[PDB]
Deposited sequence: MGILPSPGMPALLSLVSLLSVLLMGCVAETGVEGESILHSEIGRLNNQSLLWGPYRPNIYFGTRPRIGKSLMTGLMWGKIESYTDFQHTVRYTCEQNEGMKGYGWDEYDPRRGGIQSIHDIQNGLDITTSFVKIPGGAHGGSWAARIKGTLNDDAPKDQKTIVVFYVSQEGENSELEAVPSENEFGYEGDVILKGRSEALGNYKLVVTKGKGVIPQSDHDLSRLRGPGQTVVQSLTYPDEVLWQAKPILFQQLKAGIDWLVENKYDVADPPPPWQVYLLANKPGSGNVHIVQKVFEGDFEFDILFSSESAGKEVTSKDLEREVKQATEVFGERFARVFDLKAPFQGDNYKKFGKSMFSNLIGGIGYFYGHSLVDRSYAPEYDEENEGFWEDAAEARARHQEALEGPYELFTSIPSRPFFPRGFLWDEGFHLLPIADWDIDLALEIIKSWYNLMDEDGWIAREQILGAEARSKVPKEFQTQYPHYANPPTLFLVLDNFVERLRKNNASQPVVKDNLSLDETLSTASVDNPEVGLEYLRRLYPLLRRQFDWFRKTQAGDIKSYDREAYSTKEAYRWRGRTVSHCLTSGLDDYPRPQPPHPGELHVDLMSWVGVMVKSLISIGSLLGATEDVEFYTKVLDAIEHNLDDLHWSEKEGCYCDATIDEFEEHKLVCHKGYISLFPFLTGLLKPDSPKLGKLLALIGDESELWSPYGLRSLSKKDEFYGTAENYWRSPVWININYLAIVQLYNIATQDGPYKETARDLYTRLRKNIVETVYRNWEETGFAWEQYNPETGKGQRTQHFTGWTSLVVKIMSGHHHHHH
């Protein structure tokens, strides 16, 4: 039965607009297969199109905004793009139609509406670009009746092992197609839809922009050669319209030119399914998908006071659809340093210099291929998998569709190497690598990242304890299915656990350090003088200078989170030997957090180092780090230490700003210094953990019940309102928020853990 659900899930999730790095494109969850992409740009001159054409996602002054208004990966959705540079409001509707044996069918509608400021007679070039990778697969454009191109639809017929037979149609569409009275029209046609069919070596098919331009340039060179000149030039758009050359190949370029408003359809018809997909099919399914999205939203993200109003609902749908709409499929090789240079052990004072020398050896090599199905922090700036981010992304997603979340978790854990390492950033394939400078592609098997995917597993366990609709929840509705899933994953969870304790271990035994356990102490590998990228909190101040004797309270708390989940899952599977080992580790972390990390003087947890005189020193910087035991759910509700932390959380002169909790205290000497990344700004991911823990204390008997209730109420309010105010003003989710002004700053389109706001609004943890 588990196997059966598995196959139905596979078939449900196969097709998607799973190329979030571009404005609009489709690929299936198959490494070497059929991919599509949309390009458009106005043409006003002989030289402008190369600067106006749009393809990969960006964010600058020429783009107002873009994102998904509604999206469900099983059904599809609607995206809105607001392009100032090209004077266009664009809609892309995508819809999946289940059927046959091959992942089903889909269709898309592309609609362009000139905005008020555009010339009514603007010429806009639109290209649909289609590639297919694979040794044995075929794809052919049926030629037109007409000499020079297509009056009606363009049909591509193709076959592959993965997809069987299929047909992909690009429809004629609605809108004025401009006509040229030039001489050139005797050879190139007055103006019509054109197709060029080409072939390149498989591994470069993703390079749609250069491939397209190489064709445009050959078109222009042909003009020059055949005596078309500045004495009498064809209009720009006709100079940039490819000569029609349909045929067979692994690349097909479908090009149309429109004057004014346009719309056209893409219909992918899986032959193994019923009748083929029509435009009337698409309209119906689009309407239907909306309805279903509407209902599921109202049940799953039913926003509680004071966010019940329709304004916060629109906001909620936008933050949610952009998060779930960022889901991508990636495939390819990664760049890994597999030297295990001894310098990476970081055992010496000055270790950061040793490690730089090992890096300078450049022993990294491509390895794989790997695949990954994950959501992402940002379409324009970070369109790829991030380990601790994904823990946050999946919390709202799991509410929506637990089976989908579990798929993504599975996908991540399938990357894990024999040692238990998962790279904190998954740059898979040359396409993914094009967006990342060479110097930052290399992954390092000694680099951890917070194990936040365990939080999702906690939510799933608690749910398990207590057709598209059915599949979304099959893993909780059929207890048998959930347990089997946990059975298969449990070994990998434990391998990761062991890996942390093996590679991220701190040094108790070789220093004058007293503590309850001699085992439980952690230090993030990978720190530089100014940074600790592996912790997730890039530049939060840490002991200076870095030192093999450092201990990190955040890392120890993350180990706590892991043991707790291993206890819960271990029990469910009855692994009793295991459960008792974990129990004693948890016990030891509880004591050791106090012995090594608690400052009585400062009233909070701190990182530690060892002195000039080789004794243990607490190093306190009041901020997110300081609350870690509390954030991660490790403190007893009656704890006096907890009450001291509530004091710190609540204190306006420290952490509490009108906009949410500051990353670092205003009192800390490092407040707002250097790059000021994690040294004052408000971050939604950590605010979310605080909110969730405040609510936990607020809805149980204990001494802090009422303080927690007050803080919970206020902090939920401030975080949602800060994110909502900025969304209203700017159209975007931001990476972080300014505690002095409330303004969003750094990266836009950060959905991204900023979307946790949908969960905070809807309450009832």
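Undergrad: How would you list, in order, the spans of the deposited sequence that the model does not cover?
TA: Sequence ranges with no C-alpha atoms are 1-37, 504-516, 816-819.
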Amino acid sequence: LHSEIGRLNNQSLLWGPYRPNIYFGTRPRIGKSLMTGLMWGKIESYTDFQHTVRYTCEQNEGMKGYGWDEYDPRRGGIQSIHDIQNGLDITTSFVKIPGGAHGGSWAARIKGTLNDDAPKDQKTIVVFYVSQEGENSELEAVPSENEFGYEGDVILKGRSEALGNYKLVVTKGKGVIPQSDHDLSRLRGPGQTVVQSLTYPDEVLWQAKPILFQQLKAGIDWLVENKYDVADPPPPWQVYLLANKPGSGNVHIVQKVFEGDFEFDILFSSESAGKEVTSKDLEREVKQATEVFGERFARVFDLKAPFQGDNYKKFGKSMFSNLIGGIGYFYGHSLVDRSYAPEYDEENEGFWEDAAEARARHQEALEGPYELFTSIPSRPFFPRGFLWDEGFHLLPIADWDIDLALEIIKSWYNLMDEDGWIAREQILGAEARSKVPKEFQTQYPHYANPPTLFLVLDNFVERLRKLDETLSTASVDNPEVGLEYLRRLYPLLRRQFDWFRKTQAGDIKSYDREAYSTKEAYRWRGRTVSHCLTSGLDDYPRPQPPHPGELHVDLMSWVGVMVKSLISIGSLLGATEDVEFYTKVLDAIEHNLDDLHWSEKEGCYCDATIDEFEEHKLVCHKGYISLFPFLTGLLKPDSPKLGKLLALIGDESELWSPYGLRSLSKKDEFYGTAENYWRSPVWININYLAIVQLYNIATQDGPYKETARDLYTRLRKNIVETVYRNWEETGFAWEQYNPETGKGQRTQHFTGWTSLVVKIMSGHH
From here on, numbers count along this sequence of modelled residues.
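Undergrad: Hey, which bit's got the bigger mean C-alpha B factor in the entry, 369-377 or 283-291?
TA: Mean C-alpha B-factor is greater for 283-291.
Undergrad: Tell me which of 308-316 and 383-391 has the higher mean C-alpha B-factor in the deposited entry.
TA: The deposited B-factors put 308-316 ahead on the C-alpha mean.
Undergrad: Among 662, 502, 256, 552, where is the Cα B factor highest in this entry?
TA: Answer, based on the entry's C-alpha B-factors: 502.
Undergrad: Taking the Cα B-factors listed in the entry, which of 606, 537, 239, 493 comes out highest?
TA: Checking the PDB record, the top C-alpha B-factor among 606, 537, 239, 493 is at 606.
Undergrad: For residue 105, return the chain-relative third of its C-alpha B-factor as stated in the PDB record: lowest, middle or highest.
TA: Ranked within chain, residue 105 CA B lands in the middle tercile.
Undergrad: How does the C-alpha B factor of residue 29 compare with the rest of the chain: lowest, middle or highest third?
TA: For residue 29, the deposited C-alpha B-factor lands in the lowest third.
Undergrad: Divide the modelled residues of the chain into thirds by Cα B-factor and specify which third, lowest, middle or highest, holds residue 151.
TA: Highest third of the chain for residue 151's C-alpha B-factor.
Undergrad: Split the chain's modelled residues into thirds by Cα B-factor; is residue 690 in the lowest, middle or highest one?
TA: Middle third of the chain for residue 690's C-alpha B-factor.
Undergrad: Within this chain, which third does the Cα B-factor at residue 235 fall in: lowest, middle or highest?
TA: Its C-alpha B-factor belongs to the lowest third of this chain's values.
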